[PDB]
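Enquirer: mmCIF, C-alpha atoms, file entry_18.cif:
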data_work
#
loop_
_atom_site.group_PDB
_atom_site.id
_atom_site.type_symbol
_atom_site.label_atom_id
_atom_site.label_comp_id
_atom_site.auth_asym_id
_atom_site.auth_seq_id
_atom_site.Cartn_x
_atom_site.Cartn_y
_atom_site.Cartn_z
ATOM 1 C CA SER A 1 0.000 0.000 0.000
ATOM 2 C CA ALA A 2 1.590 2.899 -1.714
ATOM 3 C CA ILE A 3 2.379 6.585 -1.121
ATOM 4 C CA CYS A 4 0.619 8.874 -3.587
ATOM 5 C CA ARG A 5 0.307 12.592 -4.356
ATOM 6 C CA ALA A 6 -1.816 14.235 -7.051
ATOM 7 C CA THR A 7 -0.715 17.442 -8.837
ATOM 8 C CA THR A 8 -1.346 19.615 -11.832
ATOM 9 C CA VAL A 9 1.373 20.299 -14.424
ATOM 10 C CA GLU A 10 1.456 23.490 -16.490
ATOM 11 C CA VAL A 11 1.804 22.362 -20.037
ATOM 12 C CA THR A 12 2.046 24.044 -23.479
ATOM 13 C CA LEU A 13 -1.316 24.692 -25.057
ATOM 14 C CA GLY A 14 -1.647 26.842 -28.140
ATOM 15 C CA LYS A 15 -0.303 30.361 -27.529
ATOM 16 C CA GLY A 16 -0.334 29.935 -23.741
ATOM 17 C CA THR A 17 -0.595 26.955 -21.391
ATOM 18 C CA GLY A 18 -3.040 24.440 -19.876
ATOM 19 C CA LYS A 19 -3.219 22.294 -16.741
ATOM 20 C CA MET A 20 -2.645 18.518 -16.846
ATOM 21 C CA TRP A 21 -3.688 16.514 -13.815
ATOM 22 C CA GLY A 22 -1.502 13.634 -12.712
ATOM 23 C CA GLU A 23 -0.817 11.337 -9.776
ATOM 24 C CA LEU A 24 2.647 10.259 -8.623
ATOM 25 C CA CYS A 25 2.909 7.109 -6.491
ATOM 26 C CA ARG A 26 5.900 5.308 -4.959
ATOM 27 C CA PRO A 27 6.095 2.001 -3.143
ATOM 28 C CA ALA A 28 5.874 2.568 0.612
ATOM 29 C CA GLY A 29 9.244 2.818 2.356
ATOM 30 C CA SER A 30 11.217 3.126 -0.914
ATOM 31 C CA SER A 31 12.403 5.603 -3.513
ATOM 32 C CA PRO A 32 12.702 4.122 -7.051
ATOM 33 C CA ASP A 33 14.948 5.561 -9.739
ATOM 34 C CA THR A 34 12.538 4.383 -12.456
ATOM 35 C CA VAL A 35 9.156 5.962 -12.966
ATOM 36 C CA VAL A 36 6.548 4.585 -15.368
ATOM 37 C CA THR A 37 4.332 7.224 -16.962
ATOM 38 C CA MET A 38 0.989 6.027 -18.303
ATOM 39 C CA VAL A 39 -1.081 7.589 -21.006
ATOM 40 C CA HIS A 40 -4.708 6.516 -21.423
ATOM 41 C CA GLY A 41 -6.661 6.171 -24.655
ATOM 42 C CA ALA A 42 -9.707 7.815 -26.244
ATOM 43 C CA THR A 43 -12.871 7.974 -24.074
ATOM 44 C CA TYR A 44 -10.800 6.959 -21.046
ATOM 45 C CA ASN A 45 -8.939 8.918 -18.402
ATOM 46 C CA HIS A 46 -6.339 7.962 -15.743
ATOM 47 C CA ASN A 47 -8.766 5.335 -14.324
ATOM 48 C CA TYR A 48 -7.875 2.911 -17.125
ATOM 49 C CA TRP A 49 -4.307 2.627 -15.762
ATOM 50 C CA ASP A 50 -5.322 2.746 -12.086
ATOM 51 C CA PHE A 51 -8.631 1.008 -12.031
ATOM 52 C CA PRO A 52 -10.643 1.549 -8.853
ATOM 53 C CA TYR A 53 -12.542 -1.790 -8.920
ATOM 54 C CA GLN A 54 -10.661 -4.700 -7.351
ATOM 55 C CA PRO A 55 -7.399 -2.804 -7.744
ATOM 56 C CA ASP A 56 -5.252 -5.685 -6.418
ATOM 57 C CA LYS A 57 -6.326 -7.392 -9.611
ATOM 58 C CA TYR A 58 -7.047 -4.659 -12.212
ATOM 59 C CA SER A 59 -4.872 -1.722 -11.231
ATOM 60 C CA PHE A 60 -1.753 -1.770 -13.412
ATOM 61 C CA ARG A 61 -0.342 1.212 -11.445
ATOM 62 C CA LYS A 62 -0.715 -0.732 -8.196
ATOM 63 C CA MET A 63 0.951 -3.806 -9.677
ATOM 64 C CA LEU A 64 3.912 -1.644 -10.734
ATOM 65 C CA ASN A 65 4.334 -0.096 -7.307
ATOM 66 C CA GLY A 66 4.208 -3.593 -5.807
ATOM 67 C CA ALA A 67 6.956 -4.548 -8.279
ATOM 68 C CA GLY A 68 9.061 -1.601 -6.889
ATOM 69 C CA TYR A 69 8.445 0.955 -9.691
ATOM 70 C CA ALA A 70 7.285 4.568 -9.289
ATOM 71 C CA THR A 71 4.248 5.494 -11.365
ATOM 72 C CA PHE A 72 2.739 8.606 -12.890
ATOM 73 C CA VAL A 73 -0.774 8.425 -14.320
ATOM 74 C CA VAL A 74 -2.256 11.403 -16.169
ATOM 75 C CA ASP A 75 -5.586 12.777 -17.301
ATOM 76 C CA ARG A 76 -4.979 13.963 -20.849
ATOM 77 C CA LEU A 77 -6.262 17.439 -21.647
ATOM 78 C CA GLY A 78 -9.935 17.278 -22.557
ATOM 79 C CA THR A 79 -10.536 14.705 -19.829
ATOM 80 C CA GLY A 80 -10.779 14.044 -16.140
ATOM 81 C CA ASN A 81 -9.424 16.761 -13.869
ATOM 82 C CA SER A 82 -7.407 18.422 -16.607
ATOM 83 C CA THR A 83 -8.120 21.541 -18.588
ATOM 84 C CA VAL A 84 -10.901 20.996 -21.179
ATOM 85 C CA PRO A 85 -9.994 23.383 -24.001
ATOM 86 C CA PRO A 86 -11.641 23.983 -27.380
ATOM 87 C CA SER A 87 -11.014 20.829 -29.427
ATOM 88 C CA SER A 88 -9.303 22.761 -32.248
ATOM 89 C CA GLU A 89 -6.338 23.419 -29.868
ATOM 90 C CA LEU A 90 -5.712 19.650 -29.293
ATOM 91 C CA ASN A 91 -4.037 17.139 -31.545
ATOM 92 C CA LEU A 92 -1.592 14.233 -31.162
ATOM 93 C CA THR A 93 1.520 16.369 -31.839
ATOM 94 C CA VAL A 94 0.436 18.987 -29.341
ATOM 95 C CA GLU A 95 -0.305 16.212 -26.797
ATOM 96 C CA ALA A 96 3.063 14.494 -27.402
ATOM 97 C CA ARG A 97 4.881 17.754 -26.629
ATOM 98 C CA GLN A 98 2.816 17.979 -23.432
ATOM 99 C CA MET A 99 4.010 14.442 -22.445
ATOM 100 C CA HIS A 100 7.587 15.506 -23.264
ATOM 101 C CA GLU A 101 7.182 18.329 -20.712
ATOM 102 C CA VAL A 102 5.912 15.755 -18.149
ATOM 103 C CA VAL A 103 8.926 13.450 -18.830
ATOM 104 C CA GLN A 104 11.345 16.401 -18.291
ATOM 105 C CA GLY A 105 9.389 17.411 -15.198
ATOM 106 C CA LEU A 106 9.886 13.909 -13.789
ATOM 107 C CA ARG A 107 13.620 13.661 -14.750
ATOM 108 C CA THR A 108 14.472 17.073 -13.177
ATOM 109 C CA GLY A 109 12.348 16.608 -10.023
ATOM 110 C CA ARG A 110 10.050 19.496 -10.900
ATOM 111 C CA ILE A 111 7.330 16.874 -10.625
ATOM 112 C CA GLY A 112 7.780 14.849 -7.432
ATOM 113 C CA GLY A 113 10.891 16.512 -5.952
ATOM 114 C CA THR A 114 13.349 13.536 -6.138
ATOM 115 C CA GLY A 115 14.052 13.516 -9.862
ATOM 116 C CA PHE A 116 14.059 10.165 -11.739
ATOM 117 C CA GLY A 117 17.005 8.571 -13.532
ATOM 118 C CA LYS A 118 14.834 6.426 -15.787
ATOM 119 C CA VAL A 119 11.472 7.153 -17.375
ATOM 120 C CA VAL A 120 9.291 4.588 -19.082
ATOM 121 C CA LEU A 121 6.394 5.793 -21.175
ATOM 122 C CA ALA A 122 3.357 3.515 -21.465
ATOM 123 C CA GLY A 123 0.352 3.930 -23.747
ATOM 124 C CA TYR A 124 -3.071 2.538 -24.637
ATOM 125 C CA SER A 125 -5.255 2.971 -27.869
ATOM 126 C CA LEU A 126 -4.427 6.556 -29.069
ATOM 127 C CA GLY A 127 -2.415 6.951 -25.839
ATOM 128 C CA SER A 128 0.114 4.726 -27.590
ATOM 129 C CA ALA A 129 0.192 7.042 -30.604
ATOM 130 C CA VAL A 130 0.967 9.972 -28.317
ATOM 131 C CA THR A 131 3.616 7.837 -26.632
ATOM 132 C CA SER A 132 5.166 6.843 -29.978
ATOM 133 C CA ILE A 133 5.225 10.427 -31.298
ATOM 134 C CA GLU A 134 6.807 11.628 -28.049
ATOM 135 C CA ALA A 135 9.561 9.011 -28.046
ATOM 136 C CA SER A 136 10.099 9.408 -31.768
ATOM 137 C CA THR A 137 10.368 13.217 -31.564
ATOM 138 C CA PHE A 138 12.204 13.873 -28.282
ATOM 139 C CA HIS A 139 14.130 10.657 -27.553
ATOM 140 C CA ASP A 140 13.969 11.332 -23.804
ATOM 141 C CA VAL A 141 12.554 7.989 -22.583
ATOM 142 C CA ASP A 142 14.351 4.796 -21.655
ATOM 143 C CA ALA A 143 11.652 2.424 -22.879
ATOM 144 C CA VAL A 144 8.262 2.339 -24.402
ATOM 145 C CA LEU A 145 5.141 0.208 -23.679
ATOM 146 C CA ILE A 146 2.660 0.131 -26.595
ATOM 147 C CA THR A 147 -0.773 -1.355 -25.882
ATOM 148 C CA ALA A 148 -3.847 -1.797 -28.007
ATOM 149 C CA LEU A 149 -2.501 -0.021 -31.084
ATOM 150 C CA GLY A 150 -1.228 -1.590 -34.191
ATOM 151 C CA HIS A 151 -0.297 -0.333 -37.641
ATOM 152 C CA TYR A 152 -3.280 -2.154 -39.265
ATOM 153 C CA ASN A 153 -6.751 -1.551 -38.052
ATOM 154 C CA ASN A 154 -10.145 -3.061 -38.621
ATOM 155 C CA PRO A 155 -12.288 -0.416 -40.384
ATOM 156 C CA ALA A 156 -15.511 -2.210 -39.415
ATOM 157 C CA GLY A 157 -14.417 -1.987 -35.795
ATOM 158 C CA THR A 158 -13.565 1.702 -36.233
ATOM 159 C CA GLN A 159 -16.915 2.321 -37.919
ATOM 160 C CA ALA A 160 -18.717 0.433 -35.115
ATOM 161 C CA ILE A 161 -17.347 3.000 -32.586
ATOM 162 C CA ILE A 162 -18.511 5.861 -34.773
ATOM 163 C CA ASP A 163 -22.009 4.295 -34.922
ATOM 164 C CA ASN A 164 -21.902 4.242 -31.074
ATOM 165 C CA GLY A 165 -20.525 7.744 -30.769
ATOM 166 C CA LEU A 166 -22.215 10.666 -29.297
ATOM 167 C CA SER A 167 -21.569 14.133 -27.828
ATOM 168 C CA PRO A 168 -20.688 14.155 -24.122
ATOM 169 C CA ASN A 169 -23.479 16.774 -23.816
ATOM 170 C CA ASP A 170 -26.053 14.014 -24.456
ATOM 171 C CA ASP A 171 -24.322 11.484 -22.169
ATOM 172 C CA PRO A 172 -25.527 10.938 -18.560
ATOM 173 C CA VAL A 173 -22.018 10.486 -17.078
ATOM 174 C CA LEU A 174 -20.490 13.589 -18.725
ATOM 175 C CA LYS A 175 -23.524 16.007 -19.353
ATOM 176 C CA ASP A 176 -22.986 18.235 -16.371
ATOM 177 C CA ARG A 177 -19.196 18.574 -16.295
ATOM 178 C CA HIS A 178 -18.728 20.997 -19.171
ATOM 179 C CA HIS A 179 -20.423 22.334 -22.194
ATOM 180 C CA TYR A 180 -18.347 20.450 -24.707
ATOM 181 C CA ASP A 181 -17.815 21.842 -28.141
ATOM 182 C CA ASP A 182 -18.609 19.981 -31.384
ATOM 183 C CA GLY A 183 -15.120 18.382 -31.655
ATOM 184 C CA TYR A 184 -15.693 16.142 -28.559
ATOM 185 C CA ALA A 185 -17.286 12.703 -28.516
ATOM 186 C CA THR A 186 -17.737 9.778 -26.166
ATOM 187 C CA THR A 187 -19.362 6.317 -26.350
ATOM 188 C CA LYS A 188 -23.091 5.439 -26.031
ATOM 189 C CA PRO A 189 -24.045 3.913 -22.665
ATOM 190 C CA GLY A 190 -23.831 0.131 -22.804
ATOM 191 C CA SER A 191 -21.840 0.108 -26.049
ATOM 192 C CA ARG A 192 -18.272 -0.279 -24.650
ATOM 193 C CA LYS A 193 -18.914 -3.984 -23.926
ATOM 194 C CA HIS A 194 -19.201 -4.591 -27.651
ATOM 195 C CA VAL A 195 -17.125 -1.943 -29.476
ATOM 196 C CA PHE A 196 -14.110 -2.242 -27.152
ATOM 197 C CA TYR A 197 -14.306 -5.524 -25.233
ATOM 198 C CA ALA A 198 -15.845 -7.631 -28.068
ATOM 199 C CA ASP A 199 -18.439 -9.126 -25.639
ATOM 200 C CA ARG A 200 -15.744 -11.354 -24.143
ATOM 201 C CA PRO A 201 -16.102 -12.599 -20.525
ATOM 202 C CA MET A 202 -15.629 -9.771 -18.043
ATOM 203 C CA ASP A 203 -16.525 -9.060 -14.548
ATOM 204 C CA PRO A 204 -19.846 -7.020 -14.432
ATOM 205 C CA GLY A 205 -18.253 -4.823 -11.799
ATOM 206 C CA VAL A 206 -15.482 -3.976 -14.274
ATOM 207 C CA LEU A 207 -17.993 -3.119 -17.072
ATOM 208 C CA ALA A 208 -19.990 -0.823 -14.821
ATOM 209 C CA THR A 209 -16.916 0.831 -13.302
ATOM 210 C CA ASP A 210 -15.528 1.383 -16.831
ATOM 211 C CA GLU A 211 -18.778 2.905 -18.066
ATOM 212 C CA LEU A 212 -18.899 5.176 -14.913
ATOM 213 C CA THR A 213 -15.246 6.300 -15.339
ATOM 214 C CA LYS A 214 -15.364 6.896 -19.087
ATOM 215 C CA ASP A 215 -14.578 10.242 -20.668
ATOM 216 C CA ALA A 216 -14.597 12.472 -23.736
ATOM 217 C CA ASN A 217 -12.192 12.557 -26.653
ATOM 218 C CA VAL A 218 -11.234 14.895 -29.445
ATOM 219 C CA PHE A 219 -12.330 12.558 -32.233
ATOM 220 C CA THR A 220 -10.402 14.046 -35.206
ATOM 221 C CA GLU A 221 -7.205 12.742 -33.496
ATOM 222 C CA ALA A 222 -8.299 9.197 -34.563
ATOM 223 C CA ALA A 223 -8.043 10.328 -38.256
ATOM 224 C CA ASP A 224 -4.478 11.704 -37.838
ATOM 225 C CA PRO A 225 -2.167 9.893 -40.310
ATOM 226 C CA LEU A 226 0.553 10.056 -37.584
ATOM 227 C CA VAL A 227 -1.279 7.192 -35.696
ATOM 228 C CA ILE A 228 -0.098 4.637 -38.245
ATOM 229 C CA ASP A 229 2.807 6.514 -39.911
ATOM 230 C CA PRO A 230 5.878 4.179 -40.036
ATOM 231 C CA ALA A 231 8.214 7.205 -39.808
ATOM 232 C CA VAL A 232 7.084 7.617 -36.190
ATOM 233 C CA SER A 233 7.677 4.026 -34.967
ATOM 234 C CA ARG A 234 10.752 3.207 -37.130
ATOM 235 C CA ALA A 235 12.623 6.181 -35.521
ATOM 236 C CA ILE A 236 12.172 4.841 -31.925
ATOM 237 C CA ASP A 237 15.534 3.659 -30.579
ATOM 238 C CA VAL A 238 14.759 2.305 -27.083
ATOM 239 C CA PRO A 239 13.320 -1.019 -26.078
ATOM 240 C CA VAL A 240 9.701 -1.456 -27.097
ATOM 241 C CA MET A 241 7.058 -3.795 -25.840
ATOM 242 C CA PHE A 242 3.994 -4.297 -27.923
ATOM 243 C CA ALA A 243 0.806 -5.766 -26.401
ATOM 244 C CA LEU A 244 -2.473 -6.733 -28.036
ATOM 245 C CA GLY A 245 -5.567 -8.784 -27.346
ATOM 246 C CA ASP A 246 -6.366 -11.628 -29.759
ATOM 247 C CA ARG A 247 -10.097 -10.569 -29.824
ATOM 248 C CA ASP A 248 -9.405 -6.838 -30.153
ATOM 249 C CA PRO A 249 -12.256 -5.648 -32.442
ATOM 250 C CA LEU A 250 -10.427 -2.476 -33.536
ATOM 251 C CA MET A 251 -7.294 -4.233 -34.772
ATOM 252 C CA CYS A 252 -7.926 -7.943 -35.340
ATOM 253 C CA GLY A 253 -9.492 -9.570 -38.360
ATOM 254 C CA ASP A 254 -8.855 -11.176 -41.764
ATOM 255 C CA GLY A 255 -6.726 -8.699 -43.803
ATOM 256 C CA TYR A 256 -6.005 -6.441 -40.812
ATOM 257 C CA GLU A 257 -3.916 -6.899 -37.675
ATOM 258 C CA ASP A 258 -2.793 -10.503 -37.498
ATOM 259 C CA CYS A 259 -4.015 -11.976 -34.188
ATOM 260 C CA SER A 260 -3.666 -15.628 -35.281
ATOM 261 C CA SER A 261 -0.525 -16.107 -33.111
ATOM 262 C CA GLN A 262 2.077 -14.165 -31.156
ATOM 263 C CA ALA A 263 4.695 -15.054 -33.809
ATOM 264 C CA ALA A 264 2.509 -13.949 -36.696
ATOM 265 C CA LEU A 265 1.781 -10.676 -34.918
ATOM 266 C CA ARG A 266 5.503 -10.021 -34.319
ATOM 267 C CA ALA A 267 6.292 -10.810 -37.967
ATOM 268 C CA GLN A 268 3.717 -8.280 -39.133
ATOM 269 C CA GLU A 269 4.710 -5.457 -36.735
ATOM 270 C CA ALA A 270 8.505 -5.973 -36.738
ATOM 271 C CA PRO A 271 9.065 -3.970 -40.025
ATOM 272 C CA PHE A 272 7.707 -0.905 -38.193
ATOM 273 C CA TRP A 273 10.195 -0.990 -35.242
ATOM 274 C CA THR A 274 13.524 -1.252 -36.992
ATOM 275 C CA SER A 275 15.521 1.210 -34.766
ATOM 276 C CA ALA A 276 14.466 -0.581 -31.560
ATOM 277 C CA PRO A 277 17.288 -2.507 -29.855
ATOM 278 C CA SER A 278 14.610 -4.961 -28.784
ATOM 279 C CA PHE A 279 11.060 -5.668 -29.713
ATOM 280 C CA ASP A 280 8.954 -7.760 -27.389
ATOM 281 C CA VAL A 281 5.413 -8.858 -28.242
ATOM 282 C CA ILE A 282 2.530 -10.254 -26.208
ATOM 283 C CA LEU A 283 -0.675 -11.574 -27.592
ATOM 284 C CA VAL A 284 -3.272 -11.858 -24.814
ATOM 285 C CA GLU A 285 -5.732 -14.720 -25.217
ATOM 286 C CA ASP A 286 -9.501 -14.090 -25.283
ATOM 287 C CA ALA A 287 -8.932 -10.296 -24.734
ATOM 288 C CA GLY A 288 -10.463 -7.371 -26.475
ATOM 289 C CA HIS A 289 -9.068 -3.849 -26.705
ATOM 290 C CA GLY A 290 -8.814 -3.172 -22.920
ATOM 291 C CA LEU A 291 -5.939 -5.363 -21.669
ATOM 292 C CA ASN A 292 -5.962 -3.949 -18.173
ATOM 293 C CA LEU A 293 -9.634 -4.946 -17.657
ATOM 294 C CA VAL A 294 -9.860 -8.596 -18.838
ATOM 295 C CA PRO A 295 -10.116 -11.629 -16.448
ATOM 296 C CA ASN A 296 -6.685 -12.964 -17.493
ATOM 297 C CA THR A 297 -4.989 -9.537 -17.169
ATOM 298 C CA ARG A 298 -2.308 -10.877 -14.756
ATOM 299 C CA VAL A 299 -0.562 -12.768 -17.562
ATOM 300 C CA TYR A 300 -0.086 -9.409 -19.289
ATOM 301 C CA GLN A 301 0.909 -7.596 -16.083
ATOM 302 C CA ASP A 302 3.507 -10.294 -15.385
ATOM 303 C CA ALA A 303 4.929 -10.147 -18.861
ATOM 304 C CA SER A 304 5.139 -6.338 -18.652
ATOM 305 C CA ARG A 305 6.821 -6.441 -15.261
ATOM 306 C CA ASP A 306 9.337 -9.050 -16.421
ATOM 307 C CA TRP A 307 10.100 -6.884 -19.421
ATOM 308 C CA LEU A 308 10.658 -3.756 -17.264
ATOM 309 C CA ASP A 309 12.910 -5.744 -14.932
ATOM 310 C CA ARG A 310 14.910 -7.012 -17.912
ATOM 311 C CA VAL A 311 15.237 -3.717 -19.809
ATOM 312 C CA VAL A 312 15.363 -0.847 -17.226
ATOM 313 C CA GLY A 313 14.964 -2.174 -13.709
ATOM 314 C CA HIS A 314 13.598 -0.004 -10.862
ATOM 315 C CA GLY A 315 16.778 1.298 -9.127
ATOM 316 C CA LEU A 316 16.331 -0.862 -5.917
ATOM 317 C CA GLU A 317 17.967 -4.126 -6.976
ATOM 318 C CA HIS A 318 21.312 -5.757 -5.882
ATOM 319 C CA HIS A 319 21.359 -7.927 -9.054
ATOM 320 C CA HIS A 320 23.686 -8.866 -11.924
#
Represent the structure from my file as structure tokens, please.
Expert:
Amino acid sequence: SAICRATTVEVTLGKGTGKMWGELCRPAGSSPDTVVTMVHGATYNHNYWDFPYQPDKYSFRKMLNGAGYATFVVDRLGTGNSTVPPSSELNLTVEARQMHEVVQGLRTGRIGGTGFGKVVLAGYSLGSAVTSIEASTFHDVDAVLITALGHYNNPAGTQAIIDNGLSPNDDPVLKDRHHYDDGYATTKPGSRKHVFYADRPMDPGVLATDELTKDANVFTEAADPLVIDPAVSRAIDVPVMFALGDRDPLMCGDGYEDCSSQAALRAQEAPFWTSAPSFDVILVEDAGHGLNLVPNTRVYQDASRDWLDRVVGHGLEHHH
């Protein structure tokens, strides 16, 4: 049971700045040299990476602390407790530069006081695109965790989200937070089960908690050619882990992302990660888009932890 402090970070936004909310946690009675920064995907916020239902099972953040890593989870601008600007001011490039400012903040100690020797950047859905752009542009991270985002997507899956899209102003969870402009969307109540989790077995408590902790996105970001541009990923020169669910409705399918086997998936993605000194791949069985939220999520947590231990470590070991 971990020691945590929330803050806001001033971050570049258009001509001026905006506020990004984040939470820094350390394991209790320790001070790690590695911090893992986690970037959520579209229609999520920080809750995805620190899930408040059965956290000993579903909280990735908590698992990391328990493994001796420091963690920093953020609400992206437009979401959560962060600034909600006009949507025209937000795009992936802008958001990547904001993450770059968070990474620097963590390295220098401006965020969290201690300063961190190693910084791992972890992403999910379009969070992974932000993560990739950041690492590709600024080269100031020691490793990169890419989840739920491949270079081929399933257009029918994409289109299915759009069919279940709606303004946060007509959504019961988000109605009363802000008057959102026309560039914001979220998902229809009850739809996430299908369009994200592919109706695969999940705890009802998880589905409900996910629906209650959902959020808005700036939807034009999904159409940004940078999401799948090979120039972004091929330029990344630190260790990469790539994780994907074998029932992921947004990626997987005949002629799209190859979820037939872990090896086949690696073979298909490898050409896109040519500067990476290592490229690890995990294909999670019976899992849709949300890897943190599935019943067999521990397999994925364990593989991620093992990878971190192998490739950066946490700064508390005595090992060789």
Enquirer: Using 12 Å as the limit and counting only C-alpha atoms, can you tabulate each residue of segment 161-190 of chain A that touches segment 35-46 of chain A, with its shortest atom-to-atom distance in Å and the two atoms involved, as a Markdown table?
Expert:
| residue | atom | partner | partner_atom | distance |
| --- | --- | --- | --- | --- |
| A:161 | CA | A:43 | CA | 10.8 |
| A:165 | CA | A:43 | CA | 10.2 |
| A:166 | CA | A:43 | CA | 11.0 |
| A:167 | CA | A:43 | CA | 11.3 |
| A:168 | CA | A:43 | CA | 10.0 |
| A:173 | CA | A:43 | CA | 11.8 |
| A:174 | CA | A:43 | CA | 10.9 |
| A:184 | CA | A:43 | CA | 9.7 |
| A:185 | CA | A:43 | CA | 7.8 |
| A:186 | CA | A:43 | CA | 5.6 |
| A:187 | CA | A:43 | CA | 7.1 |
| A:188 | CA | A:43 | CA | 10.7 |
| A:189 | CA | A:43 | CA | 12.0 |
Enquirer: Between A:291, A:250, A:64, A:263, which has the minimum distance to residue 123 of chain A (counting only C-alpha atoms)?
Expert: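 For residue 123 of chain A, the nearest of the given residues is A:291.
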Enquirer: Can you pull out the residues contacting residue 137 of chain A? Cut-off 9 Å, using only C-alpha atoms, and skip same-chain residues under 6 positions away; I want them as a PyMOL selection string.
Expert: chain A and resi 96-97+232+235-236
Enquirer: Could you name the residues that touch residue 103 of chain A at 9 Å or less, counting only C-alpha atoms, but leaving out those on the same chain fewer than 6 positions away, as a list in words?
Expert: residues 37, 119, 120, 121, 140 and 141 of chain A
Enquirer: In Å to one decimal, how far is atom CA of residue 275 of chain A from atom CA of residue 317 of chain A?
Expert: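 Between atom CA of residue 317 of chain A and atom CA of residue 275 of chain A the gap is 28.4 Å.
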Enquirer: Quick one, how far is atom CA of residue 30 of chain A from atom CA of residue 1 of chain A?
Expert: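 Value for the atom CA of residue 30 of chain A-atom CA of residue 1 of chain A distance: 11.7 Å.
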Enquirer: Which residues are close to residue 19 of chain A, i.e. within 8 Å by all atoms listed in the file, leaving aside same-chain residues fewer than 2 positions away? Reply as an NGL selection string.
Expert: :A and (8-11 or 17 or 21 or 77 or 82-83)
Enquirer: In file coordinates, which residues lie within 10 Å of (5.6, -10.3, -10.2) using only C-alpha atoms, given as a tab-separated table (two decimals) with C-alpha atoms, keeping the file's coordinate frame?
Expert:
chain	number	residue	atom	x	y	z
A	63	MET	CA	0.95	-3.81	-9.68
A	64	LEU	CA	3.91	-1.64	-10.73
A	66	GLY	CA	4.21	-3.59	-5.81
A	67	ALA	CA	6.96	-4.55	-8.28
A	68	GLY	CA	9.06	-1.60	-6.89
A	298	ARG	CA	-2.31	-10.88	-14.76
A	299	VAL	CA	-0.56	-12.77	-17.56
A	301	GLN	CA	0.91	-7.60	-16.08
A	302	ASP	CA	3.51	-10.29	-15.38
A	303	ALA	CA	4.93	-10.15	-18.86
A	304	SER	CA	5.14	-6.34	-18.65
A	305	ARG	CA	6.82	-6.44	-15.26
A	306	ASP	CA	9.34	-9.05	-16.42
A	309	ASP	CA	12.91	-5.74	-14.93
Enquirer: What lies within 12 Å of residue 284 of chain A using only C-alpha atoms, ignoring chain neighbours under 5 positions off, as a PyMOL selection string?
Expert: chain A and resi 147-148+242-248+259-262+265+289-304
Enquirer: Hey, which of A:316, A:81, A:213, A:145 ends up closest to residue 282 of chain A? Count only C-alpha atoms.
Expert: A:145
Enquirer: Kindly indicate which residue among A:276, A:252, A:270, A:208 lies nearest to residue 238 of chain A, using all atoms listed in the file for the distances.
Expert: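 Closest to residue 238 of chain A of all the choices is A:276.
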Enquirer: For residue 58 of chain A, which residue out of A:239, A:249, A:205, A:225 is the nearest one, using all atoms listed in the file?
Expert: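 So, comparing all the options, the nearest one is A:205.
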Enquirer: What is the atom CA of residue 138 of chain A to atom CA of residue 229 of chain A distance in Å?
Expert: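 Distance reported for this atom pair: 16.7 Å.
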Enquirer: Could you work out an axis-aligned bounding box for all listed atoms of segment 293-301 of chain A, with 3 Å added on each of the six sides, and give its centre and edge lengths in Å to one decimal, as AutoDock Vina command-line options?
Expert:
--center_x -4.6 --center_y -9.0 --center_z -17.0 --size_x 17.0 --size_y 14.0 --size_z 10.5
Enquirer: Counting all atoms listed in the file, which residue out of A:216, A:144, A:195, A:227 sits closest to residue 130 of chain A?
Expert: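 Looking only at the distances to residue 130 of chain A, the closest residue turns out to be A:227.
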Enquirer: For residue 31 of chain A, which residue out of A:133, A:314, A:152, A:164 is the nearest one, using all atoms listed in the file?
Expert: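 The answer is A:314, which sits nearest to residue 31 of chain A.
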Enquirer: Within 6 Å of (-5.5, -1.4, -8.9) (file coordinates; only C-alpha atoms), which protein or nucleic acid residues are there? I'd like them as number ranges by chain.
Expert: A: 50-52, 55-56, 58-60, 62
